[PDB]
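Overview (structure and organization)
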Amino acid sequence: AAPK
Amino acid sequence: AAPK
Amino acid sequence: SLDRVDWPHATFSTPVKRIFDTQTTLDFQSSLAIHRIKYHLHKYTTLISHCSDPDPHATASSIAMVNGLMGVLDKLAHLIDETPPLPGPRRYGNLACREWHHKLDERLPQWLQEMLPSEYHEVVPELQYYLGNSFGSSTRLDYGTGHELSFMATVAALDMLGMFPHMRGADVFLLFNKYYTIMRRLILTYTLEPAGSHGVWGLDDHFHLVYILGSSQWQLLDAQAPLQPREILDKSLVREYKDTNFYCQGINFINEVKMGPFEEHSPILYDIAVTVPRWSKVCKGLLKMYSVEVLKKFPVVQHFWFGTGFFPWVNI
Amino acid sequence: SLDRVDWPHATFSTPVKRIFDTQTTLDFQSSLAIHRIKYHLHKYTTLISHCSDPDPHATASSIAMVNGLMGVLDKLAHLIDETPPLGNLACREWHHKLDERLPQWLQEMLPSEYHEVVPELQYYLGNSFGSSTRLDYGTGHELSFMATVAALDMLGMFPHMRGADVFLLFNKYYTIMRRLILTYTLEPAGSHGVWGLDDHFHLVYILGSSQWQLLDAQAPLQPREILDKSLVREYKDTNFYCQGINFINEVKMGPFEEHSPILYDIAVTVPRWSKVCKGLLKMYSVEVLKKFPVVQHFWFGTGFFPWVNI
Ligand SMILES: [Cl-]
């Protein structure tokens, strides 16, 4: 969902 | 390895 | 219900943050806000595929409201002129931009005041927000799928109030055409950075909806369509249709801005052009994409804010 | 071997496009060239962890070639000064002069018993500056730089190379790069956007972390502290990471958590530099070396980075  |  | 805000008995307030982290983007997947969004996106896609062949010189709907939402885009379009950009390197968000948004955040509430008739003004704070957030980031000096998503949201709101009776694909064509005219002009003048951009691993730096719309328009004609998906690869033909069709309009805009061989810089659109035999496929595929690549990704959706009127953070 | 070149008995030729598609990016993964790249990657990285506190107004190494190559970087720096803007159309123009004058300048740089090496070198360095025609810069160009300094290493041009030189060299290189990007308005070449590490660079941040890695907890900054604008500013001549993050800081406008979510994440998450370094390497092999949009334009000669198996 969100960059890591 | 490449966008598709 | 996915389609009509229960006007009168349903209360509005200023929308507020709700997407925060990974889970929060996921709970959003099941919200009433989203089912409305996906619904109005379906409708406008379905509608627009009636308009394969829009009037490039069209000026007004027969619906009052497409004409107001037209005229208010018009007013905030005049604003760019009043906000000459700052000299210097054409490389990042050009600073003049903060100013334009200050001016916007000042007469928008007025301009929607006039636009909706009396009885509705108690809708503005919610509406204000969405339209307001349609044109790029206030302080990042960017613009991407998330705001484009916000404009569709504005319209869906106005729609949810039942002020687009019998809206034909030509009305969707008309409002978005002005919308993209403006956004094309903002991106170039304020020299804006992309937001939520997935780089060379995304559809387009700023847009996705344009393409789902463009593609829809030729959906129903595919074999008898003035161009094939293969052909948007031809700078000359794209130009020929860039007024009649959002997909050409999109591709034309990449083409203007970005410098290399098209295949190197827009590899996905390239693959589509070379791989999807027909527009009805592209659109099916570009819709599936939207709901992954925008509706489910955080950098892209976290500035969707929820009120209690149009796009509530309640479950299903 | 990863390390030397059969000089003079391996032959050298103008590099030539080799990575074409998904298939051939996966072959490349077993090329001599790739291991020769990975090998020097490690080298510079561990060397530089020797150099947490480099002389920020050092000019000259004690090694012959690092001033020679310094001097070449310098000869083309100067080229910019004589090629003003209106990506930016003045720029193909700059690249044009780079190839008129560059084979020539590497002519001086090496011993006359070496000239056979240029077409190949010529290619690798002359491509460390972003595309002739696409008007972009990205990590494949950065990887090209390293590649070049590796060619030199491989002719043993650099005996007992020290961290401090692997600084100095690179530190100069980026100095030009920050310049070329702004003066030319060069776009991001081959990037993930927000889903990538930096619009333009990945090595700055490996080196960057190396340096502070050995001392981690006694490092002047900790990894969460890159998020403070002035602490970052203090270190940016002396530490590549801060230089990296400084650059972002003076170019990208919103909150940092918002426009470089990945670097943010690192900084709020990875407790110690050695681990930050460890990650960025692992990630350099996925995100740069196995990504075709990024390596496609790494061409292969017969002499330095050859397109053959193991
Ligand atoms: Cl700021």
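Now for a look at the structure at hand. (Residues numbered from 1 in each chain as written, not as in the entry; some residues may be left out. Chains lettered and ligands numbered in written order. Heavy atoms only, no water.)

Let us look at the arrangement of the chains. Ranking by contact count across five pairs of chains in contact places chains C and D at the top. Chain B makes no contact with chain A, the minimum C-alpha separation between the two being 17 Å. (Contact = heavy atoms within 4.5 Å.)

Our next topic: the interface of chain C and chain D. Taken together, the contact pairs 24 residues of chain C with 33 residues of chain D. When residues of chain C are sorted by the area they lose upon contact with chain D, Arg 91, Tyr 92 and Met 259 of chain C head the list and together hold 29% of the total. Counting the contacts that link chain C with chain D gives two salt bridges. The shortest N-O distance in the salt bridge between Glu 187 of chain D and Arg 91 of chain C comes to 3.9 Å. Here chain C is connected to chain D by seven residue pairs in polar contact. Its residues placed into classes, the side of chain C that touches chain D shows eight nonpolar, nine polar and seven charged. (Buried area = accessible area lost by both parts, 1.4 Å probe. Salt bridge = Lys/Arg side-chain N within 4 Å of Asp/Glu carboxyl O. Polar contact = N/O pair within 3.5 Å; in protein donor to acceptor, adjacent residues only side chain to side chain. Nonpolar A, V, L, I, M, F, W, Y, C, P; charged D, E, K, R; others polar.)

Scanning the model with the defined rule gives 55 aromatic pairs over all chains in all. Here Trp 7 of chain C and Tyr 120 of chain C contribute two aromatic rings whose centre-to-centre distance is 4.5 Å and whose plane-to-plane angle is 15°, an arrangement assigned as stacked. Here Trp 7 of chain C, found in the segment before α1 (22-27), pairs with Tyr 120 of chain C, found in the loop between α4 (96-115) and α5 (124-133); they are 113 residues apart in sequence, far enough to count as distant. Taking the relative accessible area as the measure of exposure, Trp 7 of chain C reaches 23% and is therefore partly exposed. Since its relative accessible area comes to 10%, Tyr 120 of chain C is described here as buried. Ring geometry for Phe 298 of chain D against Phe 305 of chain D: centres 5.9 Å apart, planes inclined by 80°, an arrangement best described as edge-to-face. (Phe/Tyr/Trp six-rings, centres within 6.5 Å; stacked < 30°, edge-to-face > 60°. Helix = DSSP H or I, 4+ residues; strand = E, 2+ residues; numbered from the N terminus. Buried < 20%, exposed > 50% of the residue type's maximum accessible area, 1.4 Å probe, protein only.)

Looking now at the side chain of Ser 285 of chain D. All names here are of chain D. Relative to the helices and strands, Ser 285 resides in helix α13 (residues 273-286). A distance of 3.2 Å separates a polar atom in the side chain of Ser 285 from the backbone oxygen of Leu 281. Apart from the residues lying within four places of it in its own chain, the contact partners of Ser 285 are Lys 38 and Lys 290.

Function cannot be read off these values alone, since they describe shape.
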